[PDB]
Structures are given as structure tokens and as C-alpha cells.
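Enquirer: Attaching a single structure in C-alpha cells format; questions to follow.
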Amino acid sequence: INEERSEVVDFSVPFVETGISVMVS
Amino acid sequence: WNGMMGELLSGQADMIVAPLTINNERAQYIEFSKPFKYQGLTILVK
Amino acid sequence: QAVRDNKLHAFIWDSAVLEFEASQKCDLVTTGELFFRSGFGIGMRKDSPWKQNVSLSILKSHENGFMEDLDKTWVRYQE
Amino acid sequence: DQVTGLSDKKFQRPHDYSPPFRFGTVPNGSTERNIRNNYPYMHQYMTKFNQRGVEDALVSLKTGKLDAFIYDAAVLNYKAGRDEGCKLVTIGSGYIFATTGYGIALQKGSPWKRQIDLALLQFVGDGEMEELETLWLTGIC
């Protein structure tokens with residue numbers, strides 16, 4: 001879910017709480 | 001209805017900005033924007 | 001107050017609120033399980049032009065770090 | 001724990017630290033846009049740290065061909081819940097990050113929109129969504 005993708009289509013409600021992250025050893 | 005929902009349905013309120021519990025029963029009567037918060041419920045002990 | 005006087009033994013409540021409360025008072029203790037993973041919303045009237053741009057503003061705030069500053073002000077703060 | 005988050009001094013210059021580390025993402029991916037919109041310099045540094053495959057980077061982290069990697073939370077959480085050895089470690093809990101959701105793309109103004117959202121909120125409103133997480137997610141330790 002971002003800006004440019006919300007311009008072209010419409011989203012329903014979200015269901016899972018996911019962000020972004022960095023993976024390290 | 002009463003409380004915030006009662007004051008909003010009566011027309012005296014235009015927008016409720018409060019830690020509202022998103023649920024189907026209340027969504028059946030009014031609209032929501034995308035959630036700003038993510039949390040649940042717990043138990044408080046001493 | 002009632003549980004502070006050790007009159008209560010359990011109390012269902014929100015997550016971040018009780019996190020901040022345990023930060024303020026060390027005697028306040030929570031449980032371990034985390035259930036009912038939902039979100040808080042903005043109570044609105046019926047369909048109206050005060051819905052589209054409002055949700056778009058919420059998204060634009062979530063994508064950048066303004067919510068982080070709000071956390072620093074009230075939620076992230078500890079004792 | 002080493003890296004605090006996106007604000008860590010490591011994301012200022014890899015030369016600032018003695019070991020020159022490396023960290024990239026999936027090319028032509030969604031998160032690549034977030035780097036460009038927030039930190040164009042990070043994209044320039046990530047230009048030399050690009051990789052090809054999701055598991056290719058996972059192999060690189062295990063082998064030592066890559067220092068750090070950036071990708072979504074739910075995807076990387078499941079790959080770390082079943083990994084043998086558990087050498088790779090997650091950072092944080094979506095604390096300094098987007099904290100967004102997953103959605104279904106519909107054609108603009110679809111009349112299904114009211115019906116779809118009613119079920120999805122009801123699906124999380126009765127614990128059925130909880131069981132599906134148990135089926136497809138595994139958190140050890």
C-alpha cells in the first residue's frame with residue numbers, strides 16, 4: 001500500500017500487520 | 001445509541017476522533033478511514 | 001485505582017495504554033499473551049467528502065515518520 | 001544487537017565503519033521505491049549491493065556473501081521461523097518502519113467493496129483469522 005498504487009485502484013481493509021525490516025546474521 | 005455514537009448519530013457531532021474500537025456492529029452504521037493504530041487487549045495485574 | 005489498592009486482580013484493557021502506564025508506574029504489570037489484533041479508527045459520519053482525503057492523509061502520515069515523532073512525544077516515552 | 005534501524009549511522013556511510021558492509025533489495029520491487037522517495041543516496045549505495053533472488057540473498061547471508069538485506073516483515077519472519085541454525089536475526093518489530101497492511105486491489109468504484117470489507121472485519125472479529133496465522137506462521141523461542 002503506497003501512494004502511486006492507491007491512485008490507480010482502490011484497496012479494501014487490511015488484515016495483517018506487516019512493515020518492512022532489515023535482515024542480518 | 002448513546003455516548004460518542006449517540007452524539008454523532010444525533011447530528012451534534014461531525015467527526016469522532018477517539019481511540020475507537022473498529023468492529024462490524026459500529027461499521028454497519030458509520031464509515032472509517034484506514035487505521036492509524038495497531039494493538040489489541042491485555043490484562044492488568046499488580 | 002481499585003487494582004492499585006489491590007482490590008482488583010485482572011482488567012482487560014488496551015495494549016499501548018497499559019504499556020505507557022507500566023512505564024510510568026513500576027507496580028503496574030501486564031500479561032504475556034497478545035490477542036485481538038485490530039486497529040483504532042476515526043469515527044465518521046456517513047459517506048461525505050470528509051472521508052477520501054482524510055484516509056489519504058492518514059496513509060501519507062503512516063508512510064513517513066510523523067507517527068514516529070508522535071510516538072516519541074507520548075507512546076515511546078518511558079520513565 | 002547491532003543496527004538500531006534506518007536512522008543507524010551505518011546508513012550514513014559504509015566507510016564510516018571499518019568493515020565495508022553491503023545491503024540490497026529485490027530489483028524492480030515495491031520497497032525500492034521507498035528508498036528512492038526517502039533517501040536517494042541510499043539507492044546510490046544500494047546500486048552496487050543489488051541482488052537477484054529472494055533465496056539468493058538468503059544464501060548470501062548464510063554463506064557470507066551479503067551483510068544485511070531489506071525486505072518485508074511477514075515474509076522474512078516466516079523464513080526465520082523455520083530456518084535451521086537460526087543464524088540470521090530479525091531487527092525490531094516494525095518500530096521505525098512503515099507499519100502498513102496487506103490489501104486486495106479492486107477496480108475503481110467496485111460495488112463489491114462494501115461486501116468484501118464486511119467479511120474481512122468479521123473474519124478477524126471472530127478468531128478465524130487467528131487460526132490461519134497458526135497454520136502458516138511458526139514462531140519458535
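Labels for the C-alpha cells follow display order: chains A, B, ..., residues from 1 in each chain, ligands from 1.
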With DSSP run on the backbone, what are the alpha helix (DSSP H) residues within chain D? I'd like them as a VMD selection string.

Expert: chain D and resid 30 to 38 40 to 47 54 to 63 73 to 81 112 to 124 128 to 136

Enquirer: Can you tell me which residues surround residue 22 of chain C at a distance of at most 12 Å, considering only C-alpha atoms, apart from same-chain residues fewer than 3 positions away, and format the answer as a list in words?

Expert: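 Residues near the query, excluding close chain neighbours: residues 43, 44, 45 and 46 of chain B; 15, 16, 17, 18, 19, 25, 26, 27, 28, 29, 30, 31, 75, 77, 78 and 79 of chain C.
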
Enquirer: Write a file of the just-selected residues containing N, CA and C atoms, as a PDB file, in the first residue's frame.

Expert:
ATOM      1  N   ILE B  43      -4.190  -7.861  30.049  1.00  0.00           N
ATOM      2  CA  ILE B  43      -4.669  -7.970  31.422  1.00  0.00           C
ATOM      3  C   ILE B  43      -3.749  -7.156  32.319  1.00  0.00           C
ATOM      4  N   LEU B  44      -4.339  -6.333  33.182  1.00  0.00           N
ATOM      5  CA  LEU B  44      -3.581  -5.501  34.104  1.00  0.00           C
ATOM      6  C   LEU B  44      -3.597  -6.134  35.490  1.00  0.00           C
ATOM      7  N   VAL B  45      -2.411  -6.409  36.030  1.00  0.00           N
ATOM      8  CA  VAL B  45      -2.263  -7.004  37.351  1.00  0.00           C
ATOM      9  C   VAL B  45      -1.243  -6.190  38.140  1.00  0.00           C
ATOM     10  N   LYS B  46      -1.195  -6.447  39.444  1.00  0.00           N
ATOM     11  CA  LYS B  46      -0.305  -5.746  40.359  1.00  0.00           C
ATOM     12  C   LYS B  46       0.667  -6.736  40.985  1.00  0.00           C
TER      13      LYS B  46
ATOM     14  N   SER C  15      -3.406  -2.207  24.697  1.00  0.00           N
ATOM     15  CA  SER C  15      -2.006  -2.604  24.800  1.00  0.00           C
ATOM     16  C   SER C  15      -1.101  -1.409  25.083  1.00  0.00           C
ATOM     17  N   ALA C  16      -1.068  -0.435  24.168  1.00  0.00           N
ATOM     18  CA  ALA C  16      -0.167   0.703  24.318  1.00  0.00           C
ATOM     19  C   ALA C  16      -0.480   1.539  25.549  1.00  0.00           C
ATOM     20  N   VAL C  17      -1.758   1.665  25.912  1.00  0.00           N
ATOM     21  CA  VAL C  17      -2.121   2.424  27.105  1.00  0.00           C
ATOM     22  C   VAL C  17      -1.487   1.798  28.341  1.00  0.00           C
ATOM     23  N   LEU C  18      -1.637   0.483  28.500  1.00  0.00           N
ATOM     24  CA  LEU C  18      -1.053  -0.180  29.654  1.00  0.00           C
ATOM     25  C   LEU C  18       0.464  -0.259  29.566  1.00  0.00           C
ATOM     26  N   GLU C  19       1.031  -0.274  28.359  1.00  0.00           N
ATOM     27  CA  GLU C  19       2.481  -0.158  28.240  1.00  0.00           C
ATOM     28  C   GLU C  19       2.968   1.170  28.802  1.00  0.00           C
ATOM     29  N   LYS C  25       4.403   3.744  36.115  1.00  0.00           N
ATOM     30  CA  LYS C  25       4.385   3.108  37.426  1.00  0.00           C
ATOM     31  C   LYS C  25       4.951   1.703  37.305  1.00  0.00           C
ATOM     32  N   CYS C  26       5.980   1.408  38.103  1.00  0.00           N
ATOM     33  CA  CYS C  26       6.622   0.102  38.035  1.00  0.00           C
ATOM     34  C   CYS C  26       5.756  -1.007  38.618  1.00  0.00           C
ATOM     35  N   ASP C  27       4.827  -0.678  39.517  1.00  0.00           N
ATOM     36  CA  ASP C  27       3.979  -1.705  40.112  1.00  0.00           C
ATOM     37  C   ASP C  27       2.954  -2.256  39.130  1.00  0.00           C
ATOM     38  N   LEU C  28       2.674  -1.539  38.046  1.00  0.00           N
ATOM     39  CA  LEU C  28       1.700  -1.990  37.059  1.00  0.00           C
ATOM     40  C   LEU C  28       2.320  -3.082  36.198  1.00  0.00           C
ATOM     41  N   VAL C  29       1.684  -4.251  36.171  1.00  0.00           N
ATOM     42  CA  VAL C  29       2.205  -5.426  35.480  1.00  0.00           C
ATOM     43  C   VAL C  29       1.144  -5.936  34.517  1.00  0.00           C
ATOM     44  N   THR C  30       1.570  -6.307  33.314  1.00  0.00           N
ATOM     45  CA  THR C  30       0.683  -6.849  32.298  1.00  0.00           C
ATOM     46  C   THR C  30       0.916  -8.348  32.117  1.00  0.00           C
ATOM     47  N   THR C  31       0.097  -8.954  31.263  1.00  0.00           N
ATOM     48  CA  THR C  31       0.231 -10.364  30.935  1.00  0.00           C
ATOM     49  C   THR C  31       1.178 -10.554  29.752  1.00  0.00           C
ATOM     50  N   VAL C  75       3.959   7.928  23.198  1.00  0.00           N
ATOM     51  CA  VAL C  75       3.924   6.481  23.385  1.00  0.00           C
ATOM     52  C   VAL C  75       5.313   5.941  23.703  1.00  0.00           C
ATOM     53  N   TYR C  77       7.754   7.377  25.024  1.00  0.00           N
ATOM     54  CA  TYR C  77       8.328   7.940  26.240  1.00  0.00           C
ATOM     55  C   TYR C  77       8.200   6.949  27.389  1.00  0.00           C
ATOM     56  N   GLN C  78       9.228   6.880  28.225  1.00  0.00           N
ATOM     57  CA  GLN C  78       9.282   5.967  29.357  1.00  0.00           C
ATOM     58  C   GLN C  78       9.781   6.712  30.592  1.00  0.00           C
ATOM     59  N   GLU C  79       9.843   5.991  31.707  1.00  0.00           N
ATOM     60  CA  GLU C  79      10.356   6.547  32.953  1.00  0.00           C
ATOM     61  C   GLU C  79      11.479   5.673  33.502  1.00  0.00           C
TER      62      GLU C  79
END

Enquirer: Closest to residue 16 of chain A among D:89, D:116, D:42, D:124, using only C-alpha atoms?

Expert: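 Nearest candidate to residue 16 of chain A out of D:89, D:116, D:42, D:124: D:124.
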
Enquirer: For chain A, which residues have at least one atom within 12 Å of chain C, if we go by only C-alpha atoms? Write them as a PyMOL selection string, please.

Expert: chain A and resi 1-4+6-7+10-11+13-17+19-20

Enquirer: Could you save the residues just selected, with N, CA and C atoms, as a JSON list (two decimals), in the first residue's frame?

Expert:
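The resulting file, out.json, is reproduced below:
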[["chain", "number", "residue", "atom", "x", "y", "z"],
["A", 1, "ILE", "N", 0.85, -1.18, 0.00],
["A", 1, "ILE", "CA", 0.00, 0.00, 0.00],
["A", 1, "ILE", "C", 0.89, 1.23, 0.00],
["A", 2, "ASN", "N", 0.83, 2.01, -1.08],
["A", 2, "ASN", "CA", 1.56, 3.27, -1.15],
["A", 2, "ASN", "C", 0.69, 4.30, -1.85],
["A", 3, "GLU", "N", 1.31, 5.41, -2.26],
["A", 3, "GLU", "CA", 0.57, 6.47, -2.93],
["A", 3, "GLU", "C", 0.24, 6.09, -4.37],
["A", 4, "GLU", "N", 1.27, 5.85, -5.19],
["A", 4, "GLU", "CA", 1.07, 5.70, -6.62],
["A", 4, "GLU", "C", 0.19, 4.51, -6.97],
["A", 6, "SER", "N", -2.31, 3.55, -4.91],
["A", 6, "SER", "CA", -3.65, 3.95, -4.48],
["A", 6, "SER", "C", -4.30, 4.92, -5.46],
["A", 7, "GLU", "N", -3.53, 5.48, -6.40],
["A", 7, "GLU", "CA", -4.11, 6.38, -7.39],
["A", 7, "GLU", "C", -4.84, 5.60, -8.48],
["A", 10, "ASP", "N", -8.29, 0.80, -5.95],
["A", 10, "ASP", "CA", -8.80, 1.02, -4.61],
["A", 10, "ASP", "C", -8.57, -0.24, -3.78],
["A", 11, "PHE", "N", -8.19, -0.05, -2.52],
["A", 11, "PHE", "CA", -7.90, -1.16, -1.63],
["A", 11, "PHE", "C", -9.07, -1.42, -0.69],
["A", 13, "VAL", "N", -10.07, -3.30, 3.19],
["A", 13, "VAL", "CA", -9.46, -3.17, 4.51],
["A", 13, "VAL", "C", -8.27, -4.12, 4.60],
["A", 14, "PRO", "N", -7.21, -3.76, 5.31],
["A", 14, "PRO", "CA", -6.11, -4.70, 5.53],
["A", 14, "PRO", "C", -6.39, -5.62, 6.70],
["A", 15, "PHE", "N", -5.66, -6.74, 6.73],
["A", 15, "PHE", "CA", -5.91, -7.80, 7.69],
["A", 15, "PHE", "C", -4.69, -8.27, 8.47],
["A", 16, "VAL", "N", -3.47, -7.99, 8.01],
["A", 16, "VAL", "CA", -2.26, -8.44, 8.68],
["A", 16, "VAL", "C", -1.33, -7.24, 8.86],
["A", 17, "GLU", "N", -0.67, -7.18, 10.02],
["A", 17, "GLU", "CA", 0.15, -6.03, 10.40],
["A", 17, "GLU", "C", 1.60, -6.30, 9.99],
["A", 19, "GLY", "N", 5.22, -4.54, 8.32],
["A", 19, "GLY", "CA", 6.05, -3.42, 7.90],
["A", 19, "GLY", "C", 7.15, -3.85, 6.95],
["A", 20, "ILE", "N", 8.26, -3.11, 6.98],
["A", 20, "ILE", "CA", 9.49, -3.51, 6.32],
["A", 20, "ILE", "C", 10.58, -3.60, 7.38]]

Enquirer: Pick out each residue of segment 1-31 of chain B that DSSP on the backbone tags as strand (DSSP E or B); I need them as a PDB file with C-alpha atoms, in the first residue's frame.

Expert:
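part.pdb, freshly written:
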ATOM      1  CA  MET B  15     -16.404  13.573  13.345  1.00  0.00           C
ATOM      2  CA  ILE B  16     -15.357  11.350  16.246  1.00  0.00           C
ATOM      3  CA  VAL B  17     -11.594  11.442  16.817  1.00  0.00           C
ATOM      4  CA  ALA B  18     -11.031   8.986  19.661  1.00  0.00           C
ATOM      5  CA  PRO B  19      -9.385   5.599  20.267  1.00  0.00           C
ATOM      6  CA  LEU B  20     -12.356   3.894  18.637  1.00  0.00           C
ATOM      7  CA  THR B  21     -12.664   0.106  18.549  1.00  0.00           C
TER       8      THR B  21
END

Enquirer: Taking 6 positions as the minimum chain separation for residues in the same chain, which residues sit within 9 Å of residue 65 of chain C when counting only C-alpha atoms? Answer as a list in words.

Expert: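 The contact residues come out as residues 96, 97 and 98 of chain D.
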
Enquirer: Got time to write the residues from that selection, C-alpha atoms, as an mmCIF file, in the first residue's frame?

Expert:
data_model
loop_
_atom_site.group_PDB
_atom_site.id
_atom_site.type_symbol
_atom_site.label_atom_id
_atom_site.label_comp_id
_atom_site.auth_asym_id
_atom_site.auth_seq_id
_atom_site.Cartn_x
_atom_site.Cartn_y
_atom_site.Cartn_z
ATOM 1 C CA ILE D 96 10.809 2.595 12.868
ATOM 2 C CA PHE D 97 9.117 1.380 9.710
ATOM 3 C CA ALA D 98 6.023 1.633 7.527
#

Enquirer: Taking only C-alpha atoms into account, what are the residues of chain B at most 10 Å from chain D, put as a PyMOL selection string?

Expert: chain B and resi 22-25+27-28+34-38

Enquirer: Any idea what the distance is between atom CA of residue 75 of chain D and atom CA of residue 136 of chain D?

Expert: 11.0 Å

Enquirer: Please list as a CSV table (one decimal) with C-alpha atoms, in the first residue's frame every residue within 10 Å of residue 8 of chain A, counting only C-alpha atoms and excluding residues in the same chain fewer than 3 positions away.

Expert:
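The result, stored in part-v3.csv:
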chain,number,residue,atom,x,y,z
A,3,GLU,CA,0.6,6.5,-2.9
A,4,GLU,CA,1.1,5.7,-6.6
A,5,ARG,CA,-0.7,2.4,-6.4
D,105,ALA,CA,-6.6,-4.5,-5.4
D,106,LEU,CA,-10.1,-3.8,-6.9
D,107,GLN,CA,-11.2,-1.9,-10.0
D,108,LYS,CA,-12.1,1.7,-9.0
